[PDB]
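Visitor: File name work.txt; file contents compact mmCIF, C-alpha atoms and all ligand atoms; full text below.
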```
# COMPACT_ATOMS: atom_id res chain seq x y z
CA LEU A 4 60.28 -26.75 65.72
CA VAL A 5 63.16 -24.67 64.31
CA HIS A 6 64.21 -24.45 60.67
CA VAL A 7 67.54 -22.75 60.25
CA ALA A 8 68.42 -21.40 56.82
CA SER A 9 71.57 -23.06 55.45
CA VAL A 10 73.12 -21.52 52.33
CA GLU A 11 73.62 -24.04 49.49
CA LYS A 12 77.26 -24.86 49.75
CA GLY A 13 79.51 -22.17 48.35
CA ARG A 14 76.70 -20.30 46.57
CA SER A 15 76.35 -16.54 46.39
CA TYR A 16 74.30 -13.80 44.68
CA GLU A 17 75.64 -14.64 41.21
CA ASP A 18 74.53 -18.27 41.46
CA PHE A 19 70.96 -17.30 42.33
CA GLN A 20 70.87 -14.57 39.68
CA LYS A 21 71.68 -17.33 37.16
CA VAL A 22 68.73 -19.37 38.40
CA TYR A 23 66.46 -16.27 38.27
CA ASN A 24 67.61 -15.69 34.70
CA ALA A 25 66.92 -19.26 33.62
CA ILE A 26 63.36 -19.00 35.04
CA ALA A 27 62.86 -15.58 33.42
CA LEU A 28 64.14 -16.74 30.02
CA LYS A 29 61.81 -19.76 30.19
CA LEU A 30 58.90 -17.47 31.15
CA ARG A 31 59.61 -15.44 28.03
CA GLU A 32 59.97 -18.55 25.80
CA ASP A 33 56.91 -20.52 26.98
CA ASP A 34 54.41 -17.77 26.03
CA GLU A 35 51.46 -19.91 24.86
CA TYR A 36 50.52 -21.51 28.18
CA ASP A 37 46.93 -20.90 29.32
CA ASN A 38 45.74 -18.96 26.27
CA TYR A 39 48.82 -16.82 26.14
CA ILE A 40 48.86 -15.80 29.83
CA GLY A 41 52.20 -17.63 30.19
CA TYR A 42 53.47 -19.22 33.41
CA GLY A 43 53.94 -16.08 35.53
CA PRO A 44 50.64 -16.25 37.40
CA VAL A 45 50.78 -19.93 38.18
CA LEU A 46 54.33 -19.55 39.52
CA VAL A 47 53.07 -16.79 41.90
CA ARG A 48 50.22 -19.06 43.03
CA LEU A 49 52.67 -21.95 43.52
CA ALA A 50 54.99 -19.82 45.73
CA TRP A 51 51.92 -18.76 47.78
CA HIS A 52 50.57 -22.29 48.18
CA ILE A 53 53.90 -23.82 49.21
CA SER A 54 54.21 -21.05 51.84
CA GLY A 55 50.58 -20.80 52.93
CA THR A 56 50.55 -24.19 54.64
CA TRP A 57 52.49 -22.58 57.50
CA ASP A 58 51.11 -22.61 61.02
CA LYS A 59 52.66 -20.05 63.38
CA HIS A 60 51.56 -22.11 66.42
CA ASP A 61 53.88 -25.04 65.82
CA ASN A 62 56.00 -24.01 62.79
CA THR A 63 54.65 -26.83 60.66
CA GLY A 64 54.23 -26.33 56.90
CA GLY A 65 55.78 -23.33 55.22
CA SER A 66 58.21 -22.98 52.34
CA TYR A 67 61.31 -24.27 54.13
CA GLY A 68 61.04 -28.01 53.55
CA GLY A 69 60.06 -28.06 49.86
CA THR A 70 57.33 -30.56 50.71
CA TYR A 71 55.14 -29.83 47.63
CA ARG A 72 57.39 -32.35 45.81
CA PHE A 73 55.68 -35.11 47.86
CA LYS A 74 52.50 -36.76 46.80
CA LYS A 75 50.27 -35.78 49.74
CA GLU A 76 50.83 -32.04 49.10
CA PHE A 77 51.12 -32.19 45.29
CA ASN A 78 47.70 -33.91 45.31
CA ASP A 79 45.98 -31.47 47.64
CA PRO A 80 42.76 -30.43 45.93
CA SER A 81 43.66 -26.85 46.88
CA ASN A 82 46.73 -27.24 44.67
CA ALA A 83 44.92 -28.35 41.50
CA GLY A 84 46.55 -26.78 38.50
CA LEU A 85 49.87 -26.12 40.23
CA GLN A 86 51.39 -29.16 38.60
CA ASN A 87 51.86 -26.93 35.56
CA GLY A 88 54.14 -24.74 37.63
CA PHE A 89 56.06 -27.70 38.94
CA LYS A 90 56.58 -29.01 35.44
CA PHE A 91 57.77 -25.60 34.28
CA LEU A 92 60.37 -25.58 37.06
CA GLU A 93 61.60 -29.13 36.40
CA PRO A 94 64.16 -28.20 33.71
CA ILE A 95 65.40 -25.38 35.94
CA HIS A 96 65.99 -27.79 38.76
CA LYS A 97 67.72 -30.22 36.28
CA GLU A 98 70.09 -27.47 35.27
CA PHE A 99 70.76 -26.22 38.84
CA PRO A 100 70.37 -29.44 40.92
CA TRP A 101 72.06 -27.68 43.89
CA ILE A 102 69.14 -25.36 44.64
CA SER A 103 66.75 -26.61 47.29
CA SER A 104 63.14 -27.26 46.37
CA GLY A 105 61.78 -24.53 48.70
CA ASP A 106 64.34 -22.10 47.34
CA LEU A 107 63.33 -22.92 43.79
CA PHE A 108 59.56 -22.71 44.35
CA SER A 109 59.85 -19.41 46.22
CA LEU A 110 62.35 -17.95 43.74
CA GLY A 111 59.95 -18.90 40.95
CA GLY A 112 57.36 -16.64 42.49
CA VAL A 113 59.77 -13.75 43.00
CA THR A 114 61.01 -14.09 39.42
CA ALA A 115 57.45 -14.17 38.07
CA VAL A 116 56.38 -11.05 39.95
CA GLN A 117 59.43 -9.09 38.85
CA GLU A 118 59.33 -10.20 35.26
CA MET A 119 55.62 -9.22 35.12
CA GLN A 120 56.74 -5.63 35.98
CA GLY A 121 55.87 -5.97 39.67
CA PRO A 122 57.89 -4.67 42.57
CA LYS A 123 61.30 -5.95 43.45
CA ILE A 124 60.93 -8.71 46.08
CA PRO A 125 64.04 -9.25 48.22
CA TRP A 126 64.74 -12.96 48.51
CA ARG A 127 66.81 -15.07 50.85
CA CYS A 128 68.29 -18.49 50.20
CA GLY A 129 68.78 -21.41 52.51
CA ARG A 130 65.59 -23.44 52.65
CA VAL A 131 66.55 -27.12 53.10
CA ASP A 132 64.57 -30.06 51.80
CA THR A 133 62.94 -32.07 54.61
CA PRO A 134 61.64 -35.64 54.55
CA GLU A 135 58.25 -36.87 53.36
CA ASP A 136 56.89 -37.22 56.88
CA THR A 137 57.21 -33.44 57.37
CA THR A 138 54.64 -32.79 54.60
CA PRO A 139 51.61 -30.94 56.02
CA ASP A 140 48.18 -32.50 55.70
CA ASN A 141 45.75 -31.11 53.12
CA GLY A 142 43.25 -28.42 54.23
CA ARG A 143 45.54 -25.62 55.41
CA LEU A 144 44.97 -23.35 52.37
CA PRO A 145 41.91 -21.03 52.29
CA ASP A 146 38.40 -21.54 50.89
CA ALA A 147 37.14 -18.95 48.37
CA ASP A 148 33.42 -19.18 49.26
CA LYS A 149 33.63 -17.37 52.59
CA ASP A 150 33.44 -13.84 54.02
CA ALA A 151 35.69 -11.20 55.43
CA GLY A 152 35.70 -12.64 58.96
CA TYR A 153 36.85 -15.97 57.59
CA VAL A 154 39.68 -14.28 55.62
CA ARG A 155 40.77 -12.28 58.66
CA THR A 156 40.83 -15.28 60.96
CA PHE A 157 42.44 -17.49 58.36
CA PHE A 158 45.38 -15.17 57.85
CA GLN A 159 46.10 -14.78 61.55
CA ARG A 160 47.51 -18.35 61.30
CA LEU A 161 50.07 -16.96 58.84
CA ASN A 162 50.77 -13.94 61.10
CA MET A 163 49.27 -11.51 58.58
CA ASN A 164 47.35 -8.40 59.55
CA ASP A 165 44.67 -6.56 57.59
CA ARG A 166 47.05 -4.46 55.49
CA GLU A 167 49.17 -7.53 54.69
CA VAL A 168 46.08 -9.55 53.67
CA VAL A 169 44.74 -6.79 51.40
CA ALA A 170 48.17 -6.25 49.84
CA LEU A 171 48.73 -10.00 49.19
CA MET A 172 45.33 -10.37 47.59
CA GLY A 173 46.34 -7.82 44.95
CA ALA A 174 48.06 -10.76 43.25
CA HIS A 175 44.52 -11.56 41.99
CA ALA A 176 45.20 -8.94 39.31
CA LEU A 177 47.10 -11.87 37.69
CA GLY A 178 45.84 -14.82 35.69
CA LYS A 179 42.45 -16.40 36.14
CA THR A 180 40.39 -18.99 37.79
CA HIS A 181 39.70 -22.29 35.92
CA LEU A 182 36.48 -24.15 36.57
CA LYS A 183 38.23 -27.54 36.47
CA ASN A 184 40.73 -26.54 39.12
CA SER A 185 38.69 -24.56 41.64
CA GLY A 186 35.05 -24.40 40.63
CA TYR A 187 35.29 -20.71 39.69
CA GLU A 188 35.49 -19.32 36.21
CA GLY A 189 37.22 -16.36 34.80
CA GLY A 190 37.86 -14.77 31.45
CA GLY A 191 40.89 -12.57 32.13
CA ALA A 192 44.30 -13.00 30.63
CA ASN A 193 46.39 -10.47 32.60
CA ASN A 194 50.15 -11.09 33.05
CA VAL A 195 51.23 -7.64 34.08
CA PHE A 196 51.48 -6.92 37.83
CA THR A 197 49.49 -3.74 38.66
CA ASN A 198 47.06 -2.45 41.26
CA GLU A 199 44.12 -3.09 39.00
CA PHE A 200 42.50 -5.66 41.34
CA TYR A 201 41.64 -2.78 43.65
CA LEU A 202 40.49 -0.45 40.87
CA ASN A 203 38.24 -3.22 39.50
CA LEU A 204 36.78 -3.92 42.96
CA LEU A 205 35.85 -0.23 43.39
CA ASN A 206 34.83 0.70 39.84
CA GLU A 207 32.92 -2.24 38.39
CA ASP A 208 29.20 -2.91 38.79
CA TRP A 209 29.31 -6.33 40.46
CA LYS A 210 26.47 -8.89 40.26
CA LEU A 211 26.24 -11.99 42.44
CA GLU A 212 25.84 -14.90 39.97
CA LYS A 213 26.12 -18.69 39.91
CA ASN A 214 28.73 -20.19 37.60
CA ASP A 215 28.53 -23.52 35.77
CA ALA A 216 29.84 -25.40 38.79
CA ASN A 217 26.88 -24.07 40.85
CA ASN A 218 29.14 -21.76 42.93
CA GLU A 219 28.51 -18.11 43.55
CA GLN A 220 30.93 -15.47 42.27
CA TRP A 221 30.72 -11.78 41.53
CA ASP A 222 30.71 -10.80 37.86
CA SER A 223 30.61 -7.47 35.99
CA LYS A 224 29.01 -6.56 32.63
CA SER A 225 32.56 -5.85 31.36
CA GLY A 226 33.53 -9.49 31.92
CA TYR A 227 35.51 -9.25 35.17
CA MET A 228 35.04 -11.58 38.15
CA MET A 229 35.74 -11.67 41.89
CA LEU A 230 35.72 -14.54 44.30
CA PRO A 231 33.49 -14.18 47.33
CA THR A 232 36.68 -13.77 49.41
CA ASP A 233 37.90 -11.03 46.98
CA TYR A 234 34.60 -9.18 47.23
CA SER A 235 34.71 -9.42 51.05
CA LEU A 236 37.52 -6.83 50.90
CA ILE A 237 34.89 -4.20 49.96
CA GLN A 238 32.12 -5.57 52.27
CA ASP A 239 34.29 -5.13 55.44
CA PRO A 240 34.91 -1.48 56.30
CA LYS A 241 38.47 -2.02 57.51
CA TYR A 242 39.49 -3.87 54.35
CA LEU A 243 37.64 -1.32 52.23
CA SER A 244 39.75 1.55 53.46
CA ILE A 245 42.90 -0.33 52.47
CA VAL A 246 41.49 -1.30 49.07
CA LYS A 247 40.91 2.42 48.46
CA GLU A 248 44.43 3.27 49.55
CA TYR A 249 45.99 0.81 47.08
CA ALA A 250 43.60 1.82 44.28
CA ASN A 251 44.90 5.35 44.76
CA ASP A 252 48.62 4.69 45.24
CA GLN A 253 50.44 2.22 42.97
CA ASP A 254 53.78 2.72 44.69
CA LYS A 255 52.38 2.10 48.16
CA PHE A 256 50.77 -1.01 46.93
CA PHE A 257 54.03 -2.23 45.35
CA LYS A 258 56.03 -1.56 48.53
CA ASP A 259 53.46 -3.21 50.81
CA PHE A 260 53.06 -6.22 48.54
CA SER A 261 56.83 -6.67 48.37
CA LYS A 262 57.11 -6.72 52.18
CA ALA A 263 54.17 -9.03 52.66
CA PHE A 264 55.20 -11.47 49.92
CA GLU A 265 58.73 -11.70 51.20
CA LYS A 266 57.36 -12.32 54.73
CA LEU A 267 54.98 -14.98 53.40
CA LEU A 268 57.85 -16.77 51.63
CA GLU A 269 60.05 -16.57 54.74
CA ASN A 270 57.54 -17.51 57.47
CA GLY A 271 58.94 -20.35 59.61
CA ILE A 272 62.58 -19.81 58.73
CA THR A 273 65.29 -18.74 61.22
CA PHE A 274 68.05 -16.80 59.51
CA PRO A 275 71.31 -16.97 61.46
CA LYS A 276 72.78 -13.53 62.33
CA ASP A 277 75.67 -14.03 59.86
CA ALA A 278 73.42 -15.18 56.96
CA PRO A 279 73.78 -13.21 53.73
CA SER A 280 71.55 -10.17 53.34
CA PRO A 281 68.51 -10.62 51.10
CA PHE A 282 69.24 -10.60 47.40
CA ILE A 283 67.49 -8.24 44.99
CA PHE A 284 67.71 -9.76 41.56
CA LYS A 285 67.95 -7.73 38.38
CA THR A 286 65.26 -8.35 35.78
CA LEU A 287 66.21 -9.58 32.32
CA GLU A 288 65.31 -6.08 31.08
CA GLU A 289 67.67 -4.45 33.55
CA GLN A 290 70.50 -6.76 32.40
CA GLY A 291 69.86 -6.18 28.67
CA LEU A 292 69.02 -9.86 28.26
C1 LIG B 301 41.68 -15.79 50.75
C2 LIG B 301 42.81 -16.08 50.10
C3 LIG B 301 42.83 -16.65 48.71
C4 LIG B 301 41.93 -17.45 48.08
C5 LIG B 301 40.59 -17.97 48.65
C6 LIG B 301 42.43 -17.67 46.80
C7 LIG B 301 41.77 -18.41 45.83
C8 LIG B 301 42.20 -18.61 44.53
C9 LIG B 301 41.52 -19.44 43.52
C10 LIG B 301 40.18 -20.16 43.79
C11 LIG B 301 42.24 -19.42 42.43
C12 LIG B 301 41.97 -20.12 41.07
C13 LIG B 301 42.72 -21.42 40.91
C14 LIG B 301 42.42 -22.02 39.53
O1 LIG B 301 41.20 -22.16 39.29
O2 LIG B 301 43.32 -22.20 38.71
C15 LIG B 301 43.39 -18.60 42.59
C16 LIG B 301 44.38 -18.27 41.73
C17 LIG B 301 45.47 -17.44 41.93
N1 LIG B 301 45.86 -16.98 43.19
FE1 LIG B 301 44.69 -16.90 44.87
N2 LIG B 301 43.60 -16.98 46.63
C18 LIG B 301 43.92 -16.39 47.83
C19 LIG B 301 45.08 -15.70 48.02
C20 LIG B 301 46.17 -15.53 47.22
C21 LIG B 301 47.44 -14.95 47.49
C22 LIG B 301 47.81 -14.47 48.91
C23 LIG B 301 48.18 -14.95 46.37
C24 LIG B 301 49.62 -14.55 46.19
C25 LIG B 301 50.16 -13.48 46.83
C26 LIG B 301 47.38 -15.57 45.33
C27 LIG B 301 47.77 -15.68 44.01
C28 LIG B 301 47.01 -16.27 43.02
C29 LIG B 301 47.36 -16.19 41.64
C30 LIG B 301 48.51 -15.43 41.02
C31 LIG B 301 46.37 -16.95 40.95
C32 LIG B 301 46.23 -17.19 39.43
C33 LIG B 301 46.81 -18.50 38.98
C34 LIG B 301 46.60 -18.74 37.48
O3 LIG B 301 46.26 -17.88 36.71
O4 LIG B 301 46.83 -19.97 37.19
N3 LIG B 301 46.14 -15.92 45.87
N4 LIG B 301 43.38 -18.13 43.93
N1 LIG B 302 41.43 -11.32 37.00
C1 LIG B 302 41.29 -12.07 38.06
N2 LIG B 302 40.37 -11.69 38.98
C2 LIG B 302 40.22 -12.36 40.15
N3 LIG B 302 39.31 -11.93 41.07
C3 LIG B 302 41.05 -13.48 40.33
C4 LIG B 302 40.91 -14.26 41.48
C5 LIG B 302 41.74 -15.35 41.70
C6 LIG B 302 42.70 -15.68 40.75
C7 LIG B 302 42.82 -14.91 39.59
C8 LIG B 302 42.01 -13.81 39.36
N4 LIG B 302 42.15 -13.10 38.24
```
Just give me the structure as structure tokens.

Guide:
Amino acid sequence: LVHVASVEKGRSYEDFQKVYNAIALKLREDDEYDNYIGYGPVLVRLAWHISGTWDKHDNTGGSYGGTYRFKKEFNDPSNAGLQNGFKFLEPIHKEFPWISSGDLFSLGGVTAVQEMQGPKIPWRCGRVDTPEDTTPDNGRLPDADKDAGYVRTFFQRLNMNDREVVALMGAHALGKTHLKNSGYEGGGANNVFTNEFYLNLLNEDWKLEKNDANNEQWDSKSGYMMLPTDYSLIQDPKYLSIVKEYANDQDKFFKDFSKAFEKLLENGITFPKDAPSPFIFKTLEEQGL
């Protein structure tokens, strides 16, 4: 099963920078969402969940086909809450109807990371919407109540290795869990992309508690939380070494996350040899906008 990137007809860097800018300006304007977190975190989670359905064995799922727009995927319990992200992106799509759905969802995540002061994430266009019958079944995204061996095995399906897994999970610096969506509860409100997930893992005094949904999670006296899968990154000695590396080197973390996130967003896509190079979008700040 081959998915060949096909550039939206006649479009170039400038076109996609306009789309980036519209998302970024909306991110800035819609500041009240989720107790003043704004939409950045949910857009990162959306880009992950539309990509994380991928299966390397048969090239099903993945970001290419934009299949989250179909009911089966939109209504995956693992995607609860992501409708907010979809609704945020709706006016962007109305304005730029030429961008594919996979391109828009993935670009939303790139734009969110960058606008939250994260690393630059090179991004490629050319995802093409595919029909409803190409929508992957529910159940391909990961459970949060498991251990390091689960995480490791899970991510092999997405062709990610230990360093790529630990880097990607640093996105849990962002936003929060919501009991109604996932059965986990959080009290953070962070919308700045940093390596603090790792620092918090290493520095807090974690206690294994049950939340109001009767699920276990790790909580600190200072009010932080970790999912069991987050905490597994310090229980496993291979993950732990990498957590320490990123806690001690912000730039290395940024560079590794950028690589891994781009790869996650591009899994399953064949880029023809004469495709455009990846685009690196300027932030609103860099443009003086
Ligand atoms: C073992 C893998 C992972 C598990 C089990 C997991 C689990 C979760 C859960 C349970 C939530 C809360 C959903 C809600 O209650 O609203 C969440 C949110 C989030 N996840 Fe993950 N996650 C994983 C990996 C990733 C990756 C790879 C990324 C992106 C690189 C990511 C980005 C996010 C972000 C940004 C949020 C916050 C959304 C918000 O504030 O609305 N996660 N994740
Ligand atoms: N601050 C914070 N901490 C986590 N462990 C987390 C996990 C999943 C999603 C968002 C998160 N936000």

Visitor: Please find the residues contacting ligand LIG 302 (chain B) at a distance of at most 8 Å between atoms, with only C-alpha atoms and all ligand atoms counted, and report them as a PyMOL selection string.

Guide: chain A and resi 174-180+189-193+200+227-230+233

Visitor: Find, counting all atoms listed in the file, the residue in A:144, A:211, A:267, A:161 that gets nearest to residue 79 in chain A.

Guide: A:144

Visitor: Which residues of chain A sit at most 7 Å from ligand LIG 301 (chain B), using all atoms listed in the file? Give each one's shortest atom pair and distance in Å (one decimal place), in chain and ascending residue order, as JSON lines.

Guide:
```
{"residue": "A:44", "atom": "CA", "partner": "B:LIG301", "partner_atom": "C30", "distance": 4.3}
{"residue": "A:45", "atom": "CA", "partner": "B:LIG301", "partner_atom": "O4", "distance": 4.1}
{"residue": "A:47", "atom": "CA", "partner": "B:LIG301", "partner_atom": "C30", "distance": 4.8}
{"residue": "A:48", "atom": "CA", "partner": "B:LIG301", "partner_atom": "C28", "distance": 4.3}
{"residue": "A:51", "atom": "CA", "partner": "B:LIG301", "partner_atom": "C24", "distance": 5.1}
{"residue": "A:83", "atom": "CA", "partner": "B:LIG301", "partner_atom": "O2", "distance": 6.9}
{"residue": "A:84", "atom": "CA", "partner": "B:LIG301", "partner_atom": "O2", "distance": 5.6}
{"residue": "A:145", "atom": "CA", "partner": "B:LIG301", "partner_atom": "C5", "distance": 4.9}
{"residue": "A:146", "atom": "CA", "partner": "B:LIG301", "partner_atom": "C5", "distance": 4.7}
{"residue": "A:147", "atom": "CA", "partner": "B:LIG301", "partner_atom": "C5", "distance": 3.6}
{"residue": "A:154", "atom": "CA", "partner": "B:LIG301", "partner_atom": "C1", "distance": 5.5}
{"residue": "A:171", "atom": "CA", "partner": "B:LIG301", "partner_atom": "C25", "distance": 4.4}
{"residue": "A:172", "atom": "CA", "partner": "B:LIG301", "partner_atom": "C22", "distance": 5.0}
{"residue": "A:174", "atom": "CA", "partner": "B:LIG301", "partner_atom": "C25", "distance": 5.0}
{"residue": "A:175", "atom": "CA", "partner": "B:LIG301", "partner_atom": "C28", "distance": 5.4}
{"residue": "A:177", "atom": "CA", "partner": "B:LIG301", "partner_atom": "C30", "distance": 5.1}
{"residue": "A:178", "atom": "CA", "partner": "B:LIG301", "partner_atom": "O3", "distance": 3.3}
{"residue": "A:179", "atom": "CA", "partner": "B:LIG301", "partner_atom": "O3", "distance": 4.1}
{"residue": "A:180", "atom": "CA", "partner": "B:LIG301", "partner_atom": "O1", "distance": 3.6}
{"residue": "A:181", "atom": "CA", "partner": "B:LIG301", "partner_atom": "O1", "distance": 3.7}
{"residue": "A:182", "atom": "CA", "partner": "B:LIG301", "partner_atom": "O1", "distance": 5.8}
{"residue": "A:183", "atom": "CA", "partner": "B:LIG301", "partner_atom": "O1", "distance": 6.8}
{"residue": "A:184", "atom": "CA", "partner": "B:LIG301", "partner_atom": "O1", "distance": 4.4}
{"residue": "A:185", "atom": "CA", "partner": "B:LIG301", "partner_atom": "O1", "distance": 4.2}
{"residue": "A:186", "atom": "CA", "partner": "B:LIG301", "partner_atom": "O1", "distance": 6.7}
{"residue": "A:187", "atom": "CA", "partner": "B:LIG301", "partner_atom": "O1", "distance": 6.1}
{"residue": "A:232", "atom": "CA", "partner": "B:LIG301", "partner_atom": "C1", "distance": 5.6}
{"residue": "A:264", "atom": "CA", "partner": "B:LIG301", "partner_atom": "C25", "distance": 6.2}
```

Visitor: Rounded to one decimal, what separation in Å do you get between CA of residue 50 in chain A and CA of residue 195 in chain A?

Guide: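 Distance reported for this atom pair: 17.3 Å.
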
Visitor: Do a neighbour search on residue 165 in chain A at 9 Å with only C-alpha atoms, toss out local chain neighbours closer than 4 positions, and write the hits as a ChimeraX atom specification.

Guide: /A:155,158,169-170,241-242,245

Visitor: So that I have them on file, write out the residues from the current selection with C-alpha atoms, as a short mmCIF file (atom, residue, chain, number, x, y, z; two decimals), in the frame of the given file.

Guide:
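See result.cif below for the written result:
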```cif
data_model
loop_
_atom_site.label_atom_id
_atom_site.label_comp_id
_atom_site.auth_asym_id
_atom_site.auth_seq_id
_atom_site.Cartn_x
_atom_site.Cartn_y
_atom_site.Cartn_z
CA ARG A 155 40.77 -12.28 58.66
CA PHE A 158 45.38 -15.17 57.85
CA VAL A 169 44.74 -6.79 51.40
CA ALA A 170 48.17 -6.25 49.84
CA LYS A 241 38.47 -2.02 57.51
CA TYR A 242 39.49 -3.87 54.35
CA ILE A 245 42.90 -0.33 52.47
#
```

Visitor: Taking all atoms listed in the file into account, produce a table as a Markdown table in which each residue of range 53-87 of chain A with an atom at most 6 Å from an atom of range 123-132 of chain A appears once, together with its shortest atom pair and the distance in Å to one decimal, ordered by chain and rising number.

Guide:
```
| residue | atom | partner | partner_atom | distance |
| --- | --- | --- | --- | --- |
| A:67 | CA | A:130 | CA | 4.6 |
| A:68 | CA | A:132 | CA | 4.4 |
| A:69 | CA | A:132 | CA | 5.3 |
```

Visitor: Which is closest to residue 137 in chain A among A:213, A:21, A:6, A:14, if we use all atoms listed in the file?

Guide: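 When distances to residue 137 in chain A are compared using all atoms listed in the file, the smallest one comes from A:6.
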
Visitor: Between CA of residue 43 in chain A and CA of residue 82 in chain A, what is the distance in Å, rounded to a tenth?

Guide: 16.1 Å

Visitor: Can you work out which one of A:152, A:261, A:94, A:76 has the shortest atom-to-atom distance to residue 283 in chain A, counting all atoms listed in the file?

Guide: A:261

Visitor: Considering all atoms listed in the file, can you say which of A:41, A:197, A:7, A:151 comes closest to residue 133 in chain A?

Guide: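 Selected residue with least distance to residue 133 in chain A: A:7.
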
Visitor: Could you tell me which of A:167, A:18, A:148, A:277 comes closest to residue 257 in chain A if we count all atoms listed in the file?

Guide: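 Selected residue with least distance to residue 257 in chain A: A:167.
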
Visitor: For residue 265 in chain A, which residue among A:4, A:113, A:26, A:46 is the nearest when counting all atoms listed in the file?

Guide: A:113

Visitor: Padding 8 Å on each side, edges along x, y and z: where is the centre of the box around the listed atoms of range 209-212 of chain A, and how long are its edges in Å to one decimal? Output it as AutoDock Vina command-line options.

Guide:
```
--center_x 27.6 --center_y -10.6 --center_z 41.2 --size_x 19.5 --size_y 24.6 --size_z 18.5
```

Visitor: So which residues are close to (60.7, -36.3, 51.7), meaning at most 7 Å away in the file's coordinates with all atoms listed in the file counted, and can you show them as JSON, numbers by chain?

Guide: {"A": [70, 73, 133, 134, 135, 136]}

Visitor: Could you tell me how far CA of residue 210 in chain A lies from CA of residue 223 in chain A, in Å and to one decimal?

Guide: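 According to the coordinates, CA of residue 210 in chain A and CA of residue 223 in chain A are separated by 6.1 Å.
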
Visitor: Leaving out residue 173 in chain A and any residue of its chain fewer than 6 positions from it, which residues lie within 9 Å of it when counting only C-alpha atoms, given as a PDB file with C-alpha atoms, in the coordinates of the input?

Guide:
```
ATOM      1  CA  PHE A 196      51.480  -6.920  37.830  1.00  0.00           C
ATOM      2  CA  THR A 197      49.490  -3.740  38.660  1.00  0.00           C
ATOM      3  CA  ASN A 198      47.060  -2.450  41.260  1.00  0.00           C
ATOM      4  CA  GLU A 199      44.120  -3.090  39.000  1.00  0.00           C
ATOM      5  CA  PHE A 200      42.500  -5.660  41.340  1.00  0.00           C
ATOM      6  CA  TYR A 201      41.640  -2.780  43.650  1.00  0.00           C
ATOM      7  CA  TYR A 249      45.990   0.810  47.080  1.00  0.00           C
ATOM      8  CA  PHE A 256      50.770  -1.010  46.930  1.00  0.00           C
ATOM      9  CA  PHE A 260      53.060  -6.220  48.540  1.00  0.00           C
TER      10      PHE A 260
END
```

Visitor: Which residues are near residue 65 in chain A? Cut-off 9 Å, all atoms listed in the file, ignore same chain within fewer than 5 positions. Put them as a list in words.

Guide: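 Near residue 65 in chain A, the qualifying residues are residues 52, 53, 54, 55, 56, 57, 58, 70, 105, 139, 267, 268, 269, 270, 271 and 272 of chain A.
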